[PDB]
Amino acid sequence: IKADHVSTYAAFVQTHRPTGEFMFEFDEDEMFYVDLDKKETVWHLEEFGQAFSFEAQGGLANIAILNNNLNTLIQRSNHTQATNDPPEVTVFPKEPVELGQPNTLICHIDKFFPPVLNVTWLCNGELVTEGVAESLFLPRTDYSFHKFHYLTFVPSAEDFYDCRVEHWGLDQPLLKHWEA
Amino acid sequence: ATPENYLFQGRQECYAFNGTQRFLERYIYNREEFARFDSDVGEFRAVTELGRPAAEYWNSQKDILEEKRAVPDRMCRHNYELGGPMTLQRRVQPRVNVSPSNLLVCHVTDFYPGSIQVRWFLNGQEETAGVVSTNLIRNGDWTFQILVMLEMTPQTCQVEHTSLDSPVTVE
Amino acid sequence: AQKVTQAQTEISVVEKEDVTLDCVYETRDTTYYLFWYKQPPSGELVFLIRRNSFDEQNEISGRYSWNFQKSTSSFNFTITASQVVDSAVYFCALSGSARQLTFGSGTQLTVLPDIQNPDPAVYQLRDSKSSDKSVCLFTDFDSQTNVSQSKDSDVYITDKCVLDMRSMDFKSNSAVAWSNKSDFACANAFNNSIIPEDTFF
Amino acid sequence: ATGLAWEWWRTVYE
Amino acid sequence: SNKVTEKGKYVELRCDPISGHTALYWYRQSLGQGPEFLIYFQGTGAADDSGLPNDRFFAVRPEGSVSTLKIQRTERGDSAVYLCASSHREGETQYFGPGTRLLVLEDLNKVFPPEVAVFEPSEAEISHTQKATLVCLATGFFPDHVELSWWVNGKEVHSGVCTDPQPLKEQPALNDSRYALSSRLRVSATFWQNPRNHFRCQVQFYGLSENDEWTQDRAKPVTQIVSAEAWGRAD
Ligand SMILES: *[C@@H]1O[C@H](CO)[C@@H](O[C@@H]2O[C@H](CO)[C@@H](O[C@@H]3O[C@H](CO)[C@@H](O)[C@H](O[C@H]4O[C@H](CO)[C@@H](O)[C@H](O)[C@@H]4O)[C@@H]3O)[C@H](O)[C@H]2NC(C)=O)[C@H](O)[C@H]1NC(C)=O
Ligand SMILES: *[C@@H]1O[C@H](CO)[C@@H](O)[C@H](O)[C@H]1NC(C)=O
Ligand SMILES: *[C@@H]1O[C@H](CO)[C@@H](O)[C@H](O)[C@H]1NC(C)=O
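Protein chains in written order, with the entry's author numbering: chain A, 1 to 180; chain B, 2 to 22, 25 to 104, 113 to 166, 172 to 187; chain D, 1 to 30, 36 to 59, 62 to 68, 74 to 108, 112 to 216; chain C, -2 to 11; chain E, 9 to 29, 37 to 58, 63 to 81, 83 to 108, 111 to 257.
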């Protein structure tokens, strides 16, 4: 399709822990989403919320429609569960690495389905609970999902980082090692 | 033994081009798209046997069709114009750095307009041998990344961008 | 925002006349749906019409009419020939972006009867053996007559109502008065009365 | 106004 | 139905939609004003635009076949007529059910069943107009929840029946006064004077139930049917 820009509303309902997400992406970049537990709009960047204001009830309404469609589709599809797709993980820094200069490490998980996964950051073998940020399960054209994980860190030659991704399609938990 | 899990998703796509909005509404069950509305067609369509009864009922209701036919202007066009200054005109100045890591790397970071072109220059002479560039890396932060390699022989990296009125060089 | 306004509080007409109940819908939606509901006395909300936003060609098509004027943002319900059964409260509803209904206020229609031959009288019904009340009936009076409430706390008087005995096309307005005092006589229980009143004994 | 619009998905025929 | 509840008790309201309807709506109507939206169900979930009044109001619809509106800590202001409409899909025409009228009372002691007495028509009316009017008086009942029906020879008749719209108070100043209703049945003079014709004024009262408490000595104002009858008298 000839398109200078693409604006897409993406939403999924499922059985496991991510029961529902309702987002809106512009050129494969999420602009806002509704937090269904909080019933409020969440803007990806603060500059978005100052200019626009999205009605949260629209997202809750769409998720309620998709939930009815899921139950209807489960019986019509005779309880068919899709085959699990192993994810592809790549870890890269946001900025060129400079020792002592704060940087953000990005763990990109791509081409996985279903969008149910356990992801943790490991710095020198220990779990990092602070400075971690996770993106939503962003959609893909092949109807798979991809997710971003972020970790703010200060580079050091001694420190080594690992991105632990657990998925049903993975035979074993996958760890992507990154160091300076 | 993957646990029991059933998924249902959907896409409401607005395609903008030459001042024209084309609306697509997909109905997907476990990666299997079974129904679709196309503003060019003007009605629903069954992608597989799974969604035939659904598309036939939607096409039988005139108001369901009329609501979807008004989407290109009510939603696709309106959201395209309202978000224009924050989406179309979103400009970020790229930061360029060159490092030796013999190959030379020109790492360009923090630029939102994805379209960007990078050229190596040796003593004022652009080289095209041994030059391999990574594909555009989306950081998921509305910021992009790209690295260009260069097979050099030891004895400047210029970048052109929409946000940049004058190309930036790093020596 | 999405609001429906029916400013007509009460409409009073005699039978076989014409009436037109009005709404003014006020919504921001691009696609909306308007409804009319009928709530008879002690009755459910009965469905009457659903005109979508895109269907603009108006029709009469029976005694019930609707004129959807997108210009005035109006939707007027017109009854050609009024019957006493059409007496009910009619509601204007609006749907669209909100799938639920945005009901308007109330328009109460009261189709009065036309007693061609009025024969007003105040009869006395037999006192029940199991009751101590002497009851009086003011019946067959014309629609123009207006009943009066009780000025004594011990006497009780009811408002008027119309009896439609199907077999013979006779419709009669009626009012009931009772009391437990010996002072109470069916004569002079009422206050505002017509002059040719067949007060009997 | 200053708010982006949304369109209801439809329910699959039961 | 009709529900009576003491202030504070928990109540739940039931609504059975039509069969294939995937869309359920709860509405509340107060004082004959415009019905107010409450909650919108689409199958097993609630796509409501949240017209629900408080945290005390909650609703469920487990299988889409029937919804239950739950009101904890009933307050007098919660008393209204709760309507229920069902739509086949999301957007179709909504068809309202009869609804259940909720009433929250300060105390259930003010509840009384009606007294029903039937009065035989006047001989003067029969000789003057050749018609006979039967007067029925449902007196001394609270709340104003009654269903006055006429039964000619064991069959309910809605012809020639003038049931009052709203009752009247025996103490018009008191807010908890006992209501009183009157309805009329006019039949042919030959119909009333047929001694084998039987007329009955039936009043169905909707009051307390077996679950509700009763401490006083008089009879429990349970949901009763008080009626009075009369046989035809010949000339
Ligand atoms: C992310 O991590 C969590 C926790 O590590 C993980 O959750 C676990 O998933 C497994 C399956 O993937 C669960 O195992 C089953 O869970 C159900 C429901 O709790 C139980 O009923 C099951 O009982 C089985 O096992 C018994 C022992 O063999 C049998 O006797 C019995 O008959 C059943 O077969 C079984 O425990 C596990 O319970 C959860 N645990 C928690 C805390 O949720 C999740 O799967 C991970 N996600 C990914 C994508 O890796
Ligand atoms: C489900 O099973 C029924 C009965 O065997 C069959 O007719 C139908 O095609 C099946 N549907 C799918 C999606 O497998
Ligand atoms: C854009 O649309 C106009 C009007 O139809 C047409 O004349 C023009 O050629 C179009 N341009 C492109 C690039 O499609």
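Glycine is no exception: its CB is placed at the ideal position from the N, C-alpha and C atoms.
Is any heavy atom in ligand 2 found nearer than 7 Å to the beta carbon of residue i?
i            : result
residue 78/A : yes
Please list the terminal residues of the continuous alpha helix (DSSP H) segment that includes residue i.
i             : result
residue 68/B  : 65 to 72
residue 83/B  : 81 to 85
residue 63/A  : 56 to 76
residue 172/E : Here residue 172/E belongs to no alpha helix (DSSP H); instead the beta strand (DSSP E) covers 168 to 174.
residue 7/A   : Unbroken run through residue 7/A is the beta strand (DSSP E), 5 to 14; no alpha helix (DSSP H).
residue 150/E : 145 to 151
residue 211/E : 211 to 214
Could you tell me if the beta carbon of residue i falls within a distance shorter than 7 Å of some heavy atom in ligand 3?
i            : result
residue 19/B : yes
Regarding residue i and ligand 1, is the C-beta to nearest heavy atom distance less than 7 Å?
i             : result
residue 72/E  : no
residue 166/A : yes
residue 118/A : yes
residue 18/A  : no
So residue i is in the beta strand (DSSP E); what residue range does that whole segment cover?
i            : result
residue 78/D : 76 to 81
residue 44/A : Careful: residue 44/A lies outside any beta strand (DSSP E) and carries neither H nor E.
residue 5/C  : It is not in any beta strand (DSSP E) - residue 5/C carries neither H nor E in the DSSP assignment.
residue 57/D : 51 to 57
residue 62/D : Segment: none, residue 62/D is in no beta strand (DSSP E) and carries neither H nor E.
Flag residue i as yes if its beta-carbon sits less than 8 Å from any beta-carbon of chain A, otherwise no.
i             : result
residue 66/E  : yes
residue 70/E  : no
residue 238/E : no
residue 132/B : no
Got a sec: is the Cβ-Cβ distance from residue i to anything in chain B below 8 Å?
i             : result
residue 10/A  : yes
residue 47/E  : no
residue 118/A : no
residue 113/E : yes
residue 57/D  : yes
residue 84/D  : no
Label residue i either buried or exposed according to how many other C-beta atoms from any shown protein chain fall within 10 Å of its C-beta, with 16 as the threshold for buried.
i             : result
residue 118/E : buried
residue 79/A  : exposed
residue 205/E : buried
residue 13/A  : buried
residue 153/A : buried
residue 4/A   : exposed
residue 10/E  : buried
residue 48/D  : exposed
residue 65/B  : exposed
residue 53/B  : buried
residue 13/E  : buried
Determine, for residue i, whether the minimum Cβ-Cβ distance to residues of chain C falls below 8 Å.
i             : result
residue 28/E  : yes
residue 57/B  : yes
residue 149/B : no
residue 58/A  : yes
residue 116/E : no
CB-CB under 8 Å to residue i, same chain, minus the five flanking residues each way: which ones, in chain order?
i             : result
residue 38/D  : 55, 56, 57, 58, 106, 107 and 108
residue 103/E : 41, 42, 43, 44, 50, 118, 119 and 121
residue 85/D  : 24, 25 and 26
residue 114/B : 141, 160, 161, 162 and 163
residue 191/E : 199, 200, 201 and 202
When the cut-off is 8 Å and only beta carbons count, does residue i lie next to chain E?
i             : result
residue 64/A  : yes
residue 50/A  : no
residue 124/A : no
residue 212/D : no
Ignore the nearest five residues each way along the sequence and tell me which others in residue i's own chain have a CB closer than 7 Å to its CB.
i             : result
residue 24/E  : 86
residue 244/E : 229, 230 and 231
residue 164/D : 172
Please confirm whether any heavy atom of ligand 4 lies closer than 7 Å to the CB of residue i.
i           : result
residue 4/B : Ligand 4 is not part of this structure, which contains only ligand 1, ligand 2 and ligand 3.
Please list, in chain order, all residues of the same chain as residue i whose beta carbon is under 6 Å from its beta carbon, the five residues on each side excluded.
i            : result
residue 40/B : 28, 47 and 71
residue 12/B : 29
residue 99/B : 119, 175, 184 and 186
Let me see if you follow: with CB-CB separation under 8 Å, is residue i close to chain D or not?
i             : result
residue 184/E : yes
residue 77/B  : yes
residue 102/E : no
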